[PDB]
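Below is one structure, written out as structure tokens; comments come after it.
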Amino acid sequence: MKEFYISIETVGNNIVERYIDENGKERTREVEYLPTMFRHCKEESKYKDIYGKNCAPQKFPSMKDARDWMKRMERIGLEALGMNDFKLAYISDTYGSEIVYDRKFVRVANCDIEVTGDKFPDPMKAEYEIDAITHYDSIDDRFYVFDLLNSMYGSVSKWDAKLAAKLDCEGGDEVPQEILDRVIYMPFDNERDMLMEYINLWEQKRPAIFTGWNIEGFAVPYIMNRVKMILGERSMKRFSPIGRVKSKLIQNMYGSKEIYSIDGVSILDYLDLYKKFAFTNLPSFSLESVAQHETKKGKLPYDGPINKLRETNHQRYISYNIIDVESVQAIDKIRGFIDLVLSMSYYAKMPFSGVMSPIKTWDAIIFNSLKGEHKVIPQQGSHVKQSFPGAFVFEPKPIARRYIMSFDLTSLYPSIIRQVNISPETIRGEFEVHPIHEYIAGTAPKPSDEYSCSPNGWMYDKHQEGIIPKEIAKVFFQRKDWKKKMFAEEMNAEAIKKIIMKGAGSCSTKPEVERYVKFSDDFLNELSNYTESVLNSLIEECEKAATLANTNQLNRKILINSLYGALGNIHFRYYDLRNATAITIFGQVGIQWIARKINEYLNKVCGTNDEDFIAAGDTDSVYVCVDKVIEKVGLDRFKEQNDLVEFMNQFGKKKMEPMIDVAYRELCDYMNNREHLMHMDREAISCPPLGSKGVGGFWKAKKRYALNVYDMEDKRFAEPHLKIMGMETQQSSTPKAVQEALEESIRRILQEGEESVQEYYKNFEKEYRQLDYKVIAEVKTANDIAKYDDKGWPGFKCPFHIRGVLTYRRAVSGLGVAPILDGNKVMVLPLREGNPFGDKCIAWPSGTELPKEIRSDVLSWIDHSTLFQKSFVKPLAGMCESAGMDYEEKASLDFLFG
Amino acid sequence: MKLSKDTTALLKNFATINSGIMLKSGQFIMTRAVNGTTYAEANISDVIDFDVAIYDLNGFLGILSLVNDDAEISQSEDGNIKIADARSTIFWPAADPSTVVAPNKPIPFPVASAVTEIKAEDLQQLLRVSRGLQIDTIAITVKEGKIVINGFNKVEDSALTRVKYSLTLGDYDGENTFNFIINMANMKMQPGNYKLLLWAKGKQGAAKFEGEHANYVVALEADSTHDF
Amino acid sequence: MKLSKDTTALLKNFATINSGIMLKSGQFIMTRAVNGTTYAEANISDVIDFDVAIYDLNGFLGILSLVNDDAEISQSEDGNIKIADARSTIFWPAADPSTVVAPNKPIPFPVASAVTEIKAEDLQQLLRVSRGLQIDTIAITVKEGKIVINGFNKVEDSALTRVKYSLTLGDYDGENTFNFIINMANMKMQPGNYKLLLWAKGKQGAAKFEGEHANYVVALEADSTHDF
Amino acid sequence: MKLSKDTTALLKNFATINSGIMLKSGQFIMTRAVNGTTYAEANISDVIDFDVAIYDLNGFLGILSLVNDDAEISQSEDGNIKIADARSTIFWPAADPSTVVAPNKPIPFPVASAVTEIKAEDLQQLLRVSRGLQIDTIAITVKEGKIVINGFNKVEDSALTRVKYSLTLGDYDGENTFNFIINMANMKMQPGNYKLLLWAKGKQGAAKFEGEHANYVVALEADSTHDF
DNA sequence: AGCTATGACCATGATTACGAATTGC
DNA sequence: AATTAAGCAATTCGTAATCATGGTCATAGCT
């Protein structure tokens with residue numbers, strides 16, 4: 001096991017690097033690094049710049065010397081190249097080659113502090129004392145739980161594992177016993193010994209990576225503020241490995257955000273991680289809600305103020321803290337995120353925190369690639385942020401389209417980058433720009449035939465590959481290689497499973513298996529002769545290999561999808577506004593071009609004229625309407641729905657797809673792009689059930705559509721499944737019960753027809769009155785209530801949910817319940833006529849419940865009608881009226897006047 | 001043509017139901033609404049001699065009230081509408097038949113399933129008070145052997161149960177029982193005595209408020225039930 | 001019940017004071033400002049036999065004015081209010097007595113420092129001019145031995161030193177001096193001849209307007225001065 | 001000094017065109033458009049003793065109407081306007097004459113190229129149709145030897161080629177021909193019988209309406225045609 | 001005493017801007 | 001000391017201001 005870095009920091013003119021050895025022990029060292037940059041030189045040198053101009057190396061004895069040199073160099077306004085951040089240069093020089101890592105050499109720490117008080121524990125105040133602490137260590141896979149017995153806010157008894165393992169009906173806490181099997185209890189009667197023990201455990205068991213649920217929000221700040229106020233400055237300093245803990249208070253407009261960085265340890269939050277890589281937004285962002293969403297695990301429900309729970313049950317208090325840390329670890333295990341960031345950083349050879357910014361990692365990887373080809377990285381130049389035009393979006397006709405075919409480009413932006421061969425160095429010049437509508441109709445002449453052009457009006461170097469396209473090809477090749485490895489391992493696992501279920505052998509010696517390769521049939525026959533234990537060991541090894549391959553491929557996917565956001569940014573090193581504008585403009589041109597071509601071809605085949613068959617779409621995705629083709633052929637010939645589905649599948653795969661491909665070949669011919677790459681694929685098939693008076697699909701506006709999909713990609717669905725997008729169903733704002741009933745209504749309109757919609761509307765009308773008050777509420781989000789907070793009453797231009805928040809704060813100020821702050825989703829409810837609170841809406845933290853003194857008052861004045869019509873009736877009416885349906889049979893004089 | 005003030009008021013009501021109109025030669029006027037739930041017909045004292053369609057009747061009636069009644073109205077030389085006064089002349093564009101919703105033909109209302117009479121005062125009270133209490137919908141049904149009406153508020157009572165307004169209508173000697181529900185929005189007849197002819201079959205009936213100056217026809221709601 | 005149209009007018013003028021009102025049995029009607037600076041009482045010739053509290057007074061008096069005057073009022077079988085005329089019965093909902101600000105008992109207030117009489121038309125004129133000139137406040141005072149009222153605006157003349165309007169009640173019989181400042185948002189009295197009664201002790205003070213039907217009490221402002 | 005009811009009405013009419021006004025001593029009242037497109041003047045029977053610039057004239061007439069016509073207007077102690085009544089006193093500030101837009105001297109009207117008369121009913125009906133037909137342009141011309149007025153919507157009909165409205169004023173026995181375009185906003189005259197005079201010199205053109213109380217002068221559009 | 005016409009008032013609706021919130025490529 | 005860090009296009013509701021539109025009680029008028 002080769003040595004690989006764990007953390008890197010700069011102190012003075014020295015780099016402190018903590019890392020792992022050959023046998024797997026975490027140790028640190030200091031290196032007085034020697035910075036080695038490059039400057040422009042007229043004499044020919046091996047290391048040339050981006051454009052080919054020569055660069056002469058320059059060495060300094062210290063980082064400060066190089067920084068001062070750069071200062072006096074920029075003072076004379078002369079260009080000097082190299083890598084500014086000496087940490088990246090040092091870490092690249094130290095390793096250079098690839099890095100192989102193991103998860104048992106990295107210490108992941110999941111901490112959580114539970115503190116009671118009369119008022120919400122403010123990290124700025126740090127007034128109360130931390131009477132419960134949990135710290136899970138990954139390498140020890142051990143929870144360390146420390147409980148304060150005596151406190152000014154209450155004295156409690158000692159916690160028990162057995163009692164915490166008992167059922168609630170038996171007075172227990174239902175904590176899993178396998179957890180307490182990995183739990184070490186250090187109770188303390190006094191806070192002083194508590195703090196000292198935590199500090200020395202931190203110092204002896206120094207975590208390589210620290211993460212937690214909104215850790216930097218409260219966990220880190222409150223602890224550091226408490227130790228600072230109780231033991232001066234040495235307290236916090238000694239927490240850091242090298243006595244370097246720095247305050248980074250981000251005083252926003254609304255409040256303050258104290259940020260503490262422990263230098264030498266990669267302090268990385270986990271709430272931001274779920275808010276960055278998960279791509280799914282929940283009605284709540286509490287730990288309990290996300291835990292219920294990921295691990296289906298529900299903590300024993302509690303009713304009352306959190307602080308008052310300790311005074312009634314300390315056992316359940318500690319149990320809740322333990323289970324919440326356990327849930328954090330569990331959701332990470334099922335999601336696989338910390339390993340993801342670690343893999344990304346090791347692949348790109350940058351400090352762990354560099355995962356937080358795609359600019360950073362792309363800069364590092366490009367630096368590494370250019371160092372591999374012996375080139376010189378240019379310095380960063382100042383710029384000004386400018387909003388270039390974005391992605392063109394169609395305007396669908398809000399008419400329910402029965403038959404829709406979807407088509408899409410795969411990874412549009414990287415394909416554009418590589419196809420057009422664009423890069424900050426490949427710039428050659430600008431051409432006479434023609435009006436865009438000329439290009440969309442293929443009427444404007446060729447801007448140039450010697451350089452690859454872009455309809456933003458530029459020509460860039462031909463023949464020569466661009467560095468960014470080079471790296472795009474590299475990452476694409478690695479991605480497809482990793483996916484083929486994944487497929488091979490999947491086939492191996494399936495073959496071993498079928499062998500085992502057919503029958504196992506009696507060989508108890510585990511043989512050697514090459515990773516990331518497909519097993520041969522002879523190999524499978526050999527493996528069929530082994531014992532069950534060996535087979536299971538091979539299965540788990542294959543599963544772990546598959547997980548690593550999935551991590552690699554998903555990291556590559558994140559990199560490629562993030563490169564587009566990386567390229568357009570002032571702080572980016574290879575930033576070039578013209579390049580990004582070229583990319584987006586070319587995307588718009590291509591999508592509108594193919595839109596016109598599709599309309600032309602569909603008019604040709606269907607025989608009509610000037611018909612807009614292209615339903616809608618945006619960048620890399622166009623949905624067209626093809627019901628006219630079905631009418632041309634006829635619905636009677638299909639005995640079953642699947643017959644229609646397979647017919648339209650064949651029609652999509654064999655009839656127009658070559659036309660799209662040849663249209664894009666003609667496109668790449670018209671342009672001077674290096675290579676045609678815009679592969680278009682059929683995406684999904686939308687059609688109503690045969691014979692049913694359903695509608696099949698509809699839209700409401702741009703980026704708003706509901707399509708009953710029968711076969712997305714090629715994965716044929718036995719029953720059709722709905723792919724609703726943009727509508728109120730996906731929105732978190734809609735209440736959960738309203739969300740589900742609305743989704744059922746949408747399914748009914750898509751599949752059955754109007755009458756089912758009306759019947760279910762009546763059923764929901766008669767049920768909605770008798771529903772739980774928890775599942776009918778808009779959730780929205782409170783941001784800067786202080787901006788609209790004015791003496792317990794709404795201010796000017798006061799947003800609705802903020803008004804409800806103010807009403808709730810009026811209601812429960814002095815009641816000592818959990819208060820509402822920014823970020824916390826606040827479910828709101830409307831109040832009718834004369835409410836005791838004094839306003840029409842009241843808002844409580846999402847997921848939470850109202851304490852019983854106000855529960856009766858709220859349930860006595862819940863305005864069922866207004867909410868029912870402003871959350872469920874109104875969007876339903878919008879959808880149905882966009883689909884030629886009415887939810888309530890109204891009728892007319894058609895019996896007679898007709 | 002000369003349109004007497006009573007004809008102007010009747011046209012104003014027919015504008016309230018529908019902002020546009022079409023008319024043919026004669027003395028019989030028929031106007032529908034876009035939603036199709038309302039119909040109206042009448043026989044004005046004056047006579048129309050030329051067919052024409054008007055898009056914005058409100059301004060039309062306003063300007064005709066501005067000018068003398070004797071001032072003649074006719075179709076202009078360009079196909080539009082011209083009105084000549086003793087000293088002035090006005091021109092109004094002609095609405096096309098397609099651009100204004102118009103009723104197809106006179107409606108053959110079948111034999112009435114039930115019949116009653118409402119006096120002007122009671123109808124005026126109902127129309128004036130349904131806004132005060134947000135009485136969205138009305139029901140006409142058989143209570144204690146007499147036909148009566150009662151107001152139900154739909155916005156809060158989808159079940160149609162909470163009795164807020166209730167007015168006695170009159171006797172009804174019939175073994176049949178019915179529960180006709182009508183949207184207040186379609187209740188747009190001009191204040192006056194009316195004879196209710198209510199018909200129903202299958203799932204769609206109608207109500208004919210007939211009066212000396214015009215007859216109005218209102219659709220019934222699906223909630224309306226009947227047993228014969 | 002059978003409330004005269006004068007009773008309805010009194011109720012309507014009471015609605016502008018407080019959104020809702022209680023109704024105790026008898027001949028006595030009173031209500032008070034939500035902020036408590038204004039209070040109104042009156043004796044009604046019509047007889048009240050049962051108590052009920054209602055929040056939406058304006059709509060209720062409106063619908064009552066809508067119905068025929070012969071109608072009768074009682075409490076519903078569901079705890080609401082029901083009003084029935086010759087042919088129609090209506091059910092106006094009743095309210096939870098908690099919501100309404102219910103004054104517990106009328107203020108007898110026997111003694112006072114100053115007394116005068118203001119005519120109806122002068123009150124009307126000063127109310128109209130206060131509306132026109134945005135006169136937010138007035139002050140009843142004595143100058144040249146004359147009971148007078150002077151109007152000013154706080155939002156512009158914060159010190160209230162520049163007079164924007166003046167009216168003389170008359171001469172002052174006594175020799176005591178005072179200057180009572182009264183916000184104009186309090187003035188809700190029915191337009192009629194009133195007898196003005198001024199009292200003030202230390203910090204607190206009171207201005208009363210007595211009419212043939214109703215009497216009004218308002219509290220002076222914190223800058224009101226008095227020495228007797 | 002006192003203002004009679006007719007004077008109040010006339011100044012009310014005059015406020016319709018200009019926000020402010022100058023009140024000069026004597027029996028002459030003057031006003032000019034804020035953009036100077038229209039002019040008006042009148043003679044009263046009340047002797048004026050002082051000049052004062054008035055900015056919020058609509059409020060001034062509103063407050064004047066609320067009091068009796070025998071109220072006296074005087075120069076207040078603080079360089080403003082005082083209204084003294086039998087029992088009420090009002091202080092309305094006087095605006096700065098520099099900021100108030102008004103002519104510095106009366107403008108005599110030269111000889112008229114065209115002479116005719118317009119009845120009060122004609123003015124009323126043309127203003128009403130201008131409101132109803134949302135006209136913006138009026139072309140006064142001579143057709144068949146008759147001085148007439150036609151209405152054209154310049155925004156919709158830039159060529160004024162569609163006579164939506166027309167009205168004949170008089171019989172003109174002259175080879176002189178003209179066609180003058182005027183915007184409606186210039187027309188602010190009070191209803192009444194008037195005499196119309198037209199006077200143009202090449203590009204320059206203007207019209208004048210004379211009545212028994214007040215007179216108006218209106219600017220014309222430069223696109224007007226004329227051969228005299 | 002009652003229909004007729006006018007009139008500001010007050011309600012209300014329609015518009016339009018703006019900000020806050022949230023997806024989706 | 002590191003510069004501190006995806007991009008844009010799109011949709012919907014509430015508020016607010018603001019005007020316009022329209023009943024309506026209020027007011028002047030003739031039968």
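A note on labels: chains of the structure tokens are A, B, ... as shown, every chain counts residues from 1, and ligands are counted from 1 in their shown order.
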
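Interface residues of chain D facing chain C, defined by any atom at most 6 Å away and using only C-alpha atoms, are residues 87, 88, 89, 90 and 91 of chain D.
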
Next, dump the selected residues to file, keeping only N, CA, C and O atoms, as a PDB file, in the first residue's frame.
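As written to disk, result_21.pdb reads:
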ATOM      1  N   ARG D  87     -69.173  81.456  11.898  1.00  0.00           N
ATOM      2  CA  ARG D  87     -68.741  80.659  13.036  1.00  0.00           C
ATOM      3  C   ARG D  87     -67.564  79.742  12.738  1.00  0.00           C
ATOM      4  O   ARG D  87     -67.154  78.991  13.630  1.00  0.00           O
ATOM      5  N   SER D  88     -67.005  79.771  11.531  1.00  0.00           N
ATOM      6  CA  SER D  88     -65.910  78.887  11.163  1.00  0.00           C
ATOM      7  C   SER D  88     -64.825  79.670  10.441  1.00  0.00           C
ATOM      8  O   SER D  88     -65.104  80.628   9.716  1.00  0.00           O
ATOM      9  N   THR D  89     -63.580  79.250  10.647  1.00  0.00           N
ATOM     10  CA  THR D  89     -62.424  79.897  10.041  1.00  0.00           C
ATOM     11  C   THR D  89     -61.516  78.835   9.444  1.00  0.00           C
ATOM     12  O   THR D  89     -61.224  77.826  10.094  1.00  0.00           O
ATOM     13  N   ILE D  90     -61.066  79.069   8.215  1.00  0.00           N
ATOM     14  CA  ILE D  90     -60.255  78.116   7.470  1.00  0.00           C
ATOM     15  C   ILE D  90     -58.996  78.825   6.997  1.00  0.00           C
ATOM     16  O   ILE D  90     -59.045  79.993   6.600  1.00  0.00           O
ATOM     17  N   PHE D  91     -57.868  78.124   7.045  1.00  0.00           N
ATOM     18  CA  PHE D  91     -56.591  78.666   6.597  1.00  0.00           C
ATOM     19  C   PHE D  91     -56.045  77.775   5.490  1.00  0.00           C
ATOM     20  O   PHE D  91     -55.532  76.684   5.760  1.00  0.00           O
TER      21      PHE D  91
END

* Residues at most 12 Å from region 94-101 of chain C, counting only C-alpha atoms (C1' of nucleotides), excluding those fewer than 4 positions away in the same chain, as number ranges by chain? -> A: 833-838, 860-861; B: 164; C: 17-24, 30-36, 39, 51-57, 60, 74-82

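For the pair CA of residue 625 (chain A) and CA of residue 613 (chain A), the separation is 5.0 Å.
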
* Give me every alpha helix (DSSP H) residue in region 2-95 of chain D, going by DSSP on the backbone, as number ranges by chain. => D: 5-15, 57-66

* All residues 8 Å or closer to residue 197 (chain C), only C-alpha atoms (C1' of nucleotides), same chain fewer than 3 positions away omitted, as a PyMOL selection string -> chain C and resi 112-116+207-210

Any chance you could tabulate, as JSON lines, the residues of chain F at most 10 Å from region 1-15 of chain E with each one's nearest atom pair and distance in Å to one decimal, using only C-alpha atoms (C1' of nucleotides), in chain and rising number order?
{"residue": "F:18", "atom": "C1'", "partner": "E:15", "partner_atom": "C1'", "distance": 8.7}
{"residue": "F:19", "atom": "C1'", "partner": "E:15", "partner_atom": "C1'", "distance": 8.4}
{"residue": "F:20", "atom": "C1'", "partner": "E:14", "partner_atom": "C1'", "distance": 8.2}
{"residue": "F:21", "atom": "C1'", "partner": "E:13", "partner_atom": "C1'", "distance": 7.9}
{"residue": "F:22", "atom": "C1'", "partner": "E:12", "partner_atom": "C1'", "distance": 8.7}
{"residue": "F:23", "atom": "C1'", "partner": "E:11", "partner_atom": "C1'", "distance": 8.7}
{"residue": "F:24", "atom": "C1'", "partner": "E:9", "partner_atom": "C1'", "distance": 8.6}
{"residue": "F:25", "atom": "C1'", "partner": "E:9", "partner_atom": "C1'", "distance": 9.0}
{"residue": "F:26", "atom": "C1'", "partner": "E:7", "partner_atom": "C1'", "distance": 8.2}
{"residue": "F:27", "atom": "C1'", "partner": "E:7", "partner_atom": "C1'", "distance": 8.1}
{"residue": "F:28", "atom": "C1'", "partner": "E:6", "partner_atom": "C1'", "distance": 7.9}
{"residue": "F:29", "atom": "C1'", "partner": "E:4", "partner_atom": "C1'", "distance": 7.9}
{"residue": "F:30", "atom": "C1'", "partner": "E:4", "partner_atom": "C1'", "distance": 8.4}
{"residue": "F:31", "atom": "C1'", "partner": "E:3", "partner_atom": "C1'", "distance": 8.4}

* To do: State, in Å with one decimal place, the distance from CA of residue 343 (chain A) to CA of residue 244 (chain A).
  =>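 A separation of 26.3 Å between them.
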
* **Atom pair CA of residue 301 (chain A) / CA of residue 187 (chain A): separation (Å)** => 25.3 Å

* So which residues of region 72-175 of chain C fall under strand (DSSP E) by DSSP, listed as number ranges by chain? -> C: 72-75, 81-84, 88-92, 114-118, 137-143, 146-152, 165-171

Those residues with N, CA and C atoms, as a CSV table (one decimal), in the first residue's frame please?
chain,number,residue,atom,x,y,z
C,72,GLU,N,-89.3,39.4,11.4
C,72,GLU,CA,-89.1,39.1,12.8
C,72,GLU,C,-87.7,38.4,12.9
C,73,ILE,N,-87.1,38.6,14.1
C,73,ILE,CA,-85.8,38.1,14.4
C,73,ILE,C,-85.9,37.2,15.6
C,74,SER,N,-85.2,36.0,15.5
C,74,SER,CA,-85.0,35.2,16.7
C,74,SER,C,-83.7,34.4,16.6
C,75,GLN,N,-83.4,33.6,17.5
C,75,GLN,CA,-82.2,32.7,17.5
C,75,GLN,C,-82.6,31.4,16.9
C,81,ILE,N,-78.7,33.2,14.1
C,81,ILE,CA,-79.8,34.1,14.1
C,81,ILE,C,-80.6,33.8,12.8
C,82,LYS,N,-81.9,33.8,13.0
C,82,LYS,CA,-82.9,33.6,11.9
C,82,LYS,C,-83.8,34.8,11.8
C,83,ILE,N,-84.0,35.3,10.6
C,83,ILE,CA,-84.9,36.4,10.3
C,83,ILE,C,-85.8,36.0,9.3
C,84,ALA,N,-87.1,36.2,9.5
C,84,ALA,CA,-88.1,35.7,8.6
C,84,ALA,C,-89.2,36.8,8.3
C,88,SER,N,-90.0,34.5,3.1
C,88,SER,CA,-88.7,34.0,3.1
C,88,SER,C,-88.1,34.0,4.6
C,89,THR,N,-87.3,33.0,4.8
C,89,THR,CA,-86.6,32.9,6.0
C,89,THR,C,-85.1,32.8,5.8
C,90,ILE,N,-84.3,33.5,6.5
C,90,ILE,CA,-82.9,33.6,6.3
C,90,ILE,C,-82.2,33.2,7.6
C,91,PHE,N,-81.0,32.7,7.5
C,91,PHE,CA,-80.2,32.3,8.7
C,91,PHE,C,-78.8,32.9,8.6
C,92,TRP,N,-78.7,34.0,9.3
C,92,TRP,CA,-77.4,34.7,9.4
C,92,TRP,C,-76.7,34.1,10.6
C,114,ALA,N,-66.6,71.0,31.7
C,114,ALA,CA,-67.1,72.0,30.7
C,114,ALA,C,-68.3,71.4,30.0
C,115,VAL,N,-69.1,72.2,29.5
C,115,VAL,CA,-70.3,71.8,28.8
C,115,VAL,C,-70.6,72.9,27.7
C,116,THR,N,-71.1,72.5,26.6
C,116,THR,CA,-71.5,73.4,25.5
C,116,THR,C,-72.5,72.6,24.6
C,117,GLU,N,-72.8,73.2,23.5
C,117,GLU,CA,-73.7,72.5,22.5
C,117,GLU,C,-73.3,72.8,21.1
C,118,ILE,N,-73.2,71.8,20.3
C,118,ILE,CA,-72.8,71.9,18.9
C,118,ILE,C,-73.9,71.6,18.0
C,137,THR,N,-56.5,65.7,13.4
C,137,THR,CA,-56.8,65.9,14.8
C,137,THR,C,-57.4,67.3,15.0
C,138,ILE,N,-58.1,67.4,16.1
C,138,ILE,CA,-58.6,68.7,16.5
C,138,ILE,C,-58.3,68.9,18.0
C,139,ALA,N,-58.6,70.1,18.5
C,139,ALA,CA,-58.5,70.5,19.9
C,139,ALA,C,-59.6,71.5,20.3
C,140,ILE,N,-60.3,71.1,21.3
C,140,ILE,CA,-61.3,72.0,21.9
C,140,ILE,C,-60.6,72.8,22.9
C,141,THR,N,-60.7,74.2,22.8
C,141,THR,CA,-60.0,75.0,23.7
C,141,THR,C,-60.8,76.3,23.9
C,142,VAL,N,-60.3,77.2,24.7
C,142,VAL,CA,-60.9,78.5,25.0
C,142,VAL,C,-60.0,79.6,24.7
C,143,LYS,N,-60.4,80.5,23.8
C,143,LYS,CA,-59.7,81.7,23.5
C,143,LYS,C,-60.6,82.9,23.5
C,146,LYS,N,-63.9,82.3,24.6
C,146,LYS,CA,-64.8,81.6,23.7
C,146,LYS,C,-64.4,80.1,23.6
C,147,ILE,N,-65.4,79.3,23.8
C,147,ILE,CA,-65.3,77.8,23.5
C,147,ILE,C,-65.2,77.7,22.0
C,148,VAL,N,-64.0,77.2,21.5
C,148,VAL,CA,-63.7,77.0,20.1
C,148,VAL,C,-63.1,75.6,19.9
C,149,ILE,N,-63.1,75.2,18.6
C,149,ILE,CA,-62.5,74.0,18.2
C,149,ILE,C,-61.5,74.3,17.0
C,150,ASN,N,-60.3,73.9,17.1
C,150,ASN,CA,-59.3,74.2,16.1
C,150,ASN,C,-58.7,72.9,15.6
C,151,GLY,N,-58.7,72.7,14.3
C,151,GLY,CA,-58.2,71.5,13.6
C,151,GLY,C,-56.8,71.6,13.1
C,152,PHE,N,-56.0,70.5,13.3
C,152,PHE,CA,-54.6,70.5,12.8
C,152,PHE,C,-54.3,69.1,12.4
C,165,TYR,N,-57.8,75.0,10.7
C,165,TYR,CA,-59.2,75.2,10.7
C,165,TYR,C,-59.7,75.6,12.0
C,166,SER,N,-60.7,76.5,12.1
C,166,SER,CA,-61.2,77.0,13.4
C,166,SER,C,-62.7,77.0,13.3
C,167,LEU,N,-63.3,76.7,14.4
C,167,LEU,CA,-64.8,76.8,14.6
C,167,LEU,C,-65.0,77.2,16.1
C,168,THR,N,-65.9,78.2,16.3
C,168,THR,CA,-66.3,78.6,17.7
C,168,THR,C,-67.6,78.0,18.1
C,169,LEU,N,-67.5,77.2,19.2
C,169,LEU,CA,-68.7,76.7,19.8
C,169,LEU,C,-69.6,77.8,20.3
C,170,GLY,N,-68.9,78.8,21.0
C,170,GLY,CA,-69.7,79.9,21.5
C,170,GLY,C,-68.9,80.6,22.6
C,171,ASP,N,-69.6,81.2,23.6
C,171,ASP,CA,-68.9,81.8,24.7
C,171,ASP,C,-68.7,80.7,25.8

* Give me, as a PyMOL selection string, the contact residues of chain B against chain A at a cut-off of 12 Å, counting only C-alpha atoms. => chain B and resi 30-41+102-110+153-160+181-183+186+199-208+216-224

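Look at residue 14 (chain F): the protein and nucleic acid residues within 9 Å of it, using only C-alpha atoms (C1' of nucleotides) and passing over chain neighbours fewer than 5 places away, are residues 797, 798, 799 and 800 of chain A.
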
* To do: Name the residues in contact with residue 764 (chain A) at a cut-off of 12 Å, using only C-alpha atoms (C1' of nucleotides), excluding same-chain residues fewer than 5 positions from it; report them as a PyMOL selection string.
  => (chain A and resi 737-742+744-745+757-759+769-771+868+872-873+887) or (chain B and resi 158)

* Excluding same-chain residues fewer than 6 positions from residue 527 (chain A), what lies within 9 Å of it counting only C-alpha atoms (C1' of nucleotides), as a VMD selection string? -> chain A and resid 496 499 504 to 505 507 511 534 to 535
